[PDB]
């Protein structure tokens, strides 16, 4: 028995603005009337346009069904679905600052170290919750994390191919594409061994995305060049202005041997201890001089 997913009546949903457009549906900002007409809240609304295939329907509704099993501050909240009327819709809370990667790239250098570390603690708490629920995300990356007005970060992007046994799409993105290599642990790339410990590798890459304000991991390297570097033992260098303890933690997430990586519980605990003793964050890792400027 799974937690009940609310079927929403279309009369309770208004769409105010298109915010995203795909080939197979759109995403809107809107309002949802709830509590039997007594409350109204802002929502995001994703549609599935007519002509969708059986696979697209099972995937679309499956994402909502997974989201509906979770109740955590750092996981996107589902309000419900419209499946009985067309276009079908999934309705979630609305995250005012959108995806974390784009948000940081529009906010370069504007946050404190403590704020960035706090964002990572929230993401880590959401991932701890997911891993404890026996959910392996497989595509953890800043692009799949949303940010609200209050800077709370929440994990998004769920799918049935992550939960069903021997699923033939388990190694693809939720859109059927190739999962971007540069967030993925070596044993998941080479053997398809996706587990919470490969999600810990990905979380280390997310830490580096956050501390760099959304830089592209490995910069211009191609996918094969990233695989070359990782398998030689190369790891991403420290971000600028990054606490030594934070860079050490991301390096531990990138241990080749998956059993040596921290668990999500370890990550949350370490981040909490650093935030509560903030002088621990003033020791910075050396930023490796990339350019020589002499005068």
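Positions refer to the first chain, counted from 1. In this text, the rigid core denotes the largest set of C-alpha atoms whose superposition between the two forms falls within 1.5 Å.
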{"query": "Stretch with greater C-alpha deviation in 9 other deposited structures of this protein, 79-87 versus 129-137 (rigid core superposition)", "finding": "79-87"}
{"query": "Of 267-275 and 11-19, which departs more from this form in 9 other deposited structures of this protein by CA RMS after core fitting", "finding": "11-19"}
{"query": "Residue 193 dropped in a third or more of the other entries", "finding": "no"}
{"query": "Residue 220 not built in a third or more of the other entries", "finding": "no"}
{"query": "Selected stretch [higher average CA B-factor]: 164-172 or 83-91", "finding": "164-172"}
{"query": "Between the two ranges 249-257 and 37-45, the one averaging a larger CA B factor in the entry", "finding": "37-45"}
{"query": "Most elevated Cα B-factor in the entry, residues 285, 277, 271, 13", "finding": "277"}
{"query": "Ranked C-alpha temperature factor of residue 147 among modelled chain residues, by third", "finding": "lowest"}
{"query": "Ranked C-alpha temperature factor of residue 28 among modelled chain residues, by third", "finding": "middle"}
{"query": "Relative C-alpha B-factor of residue 179, binned into the chain's lowest, middle or highest third", "finding": "highest"}
{"query": "Chain thirds of CA B-factor: placement of residue 208", "finding": "lowest"}
{"query": "Residue 106 - which third its CA temperature factor falls in, relative to the rest of the chain", "finding": "middle"}
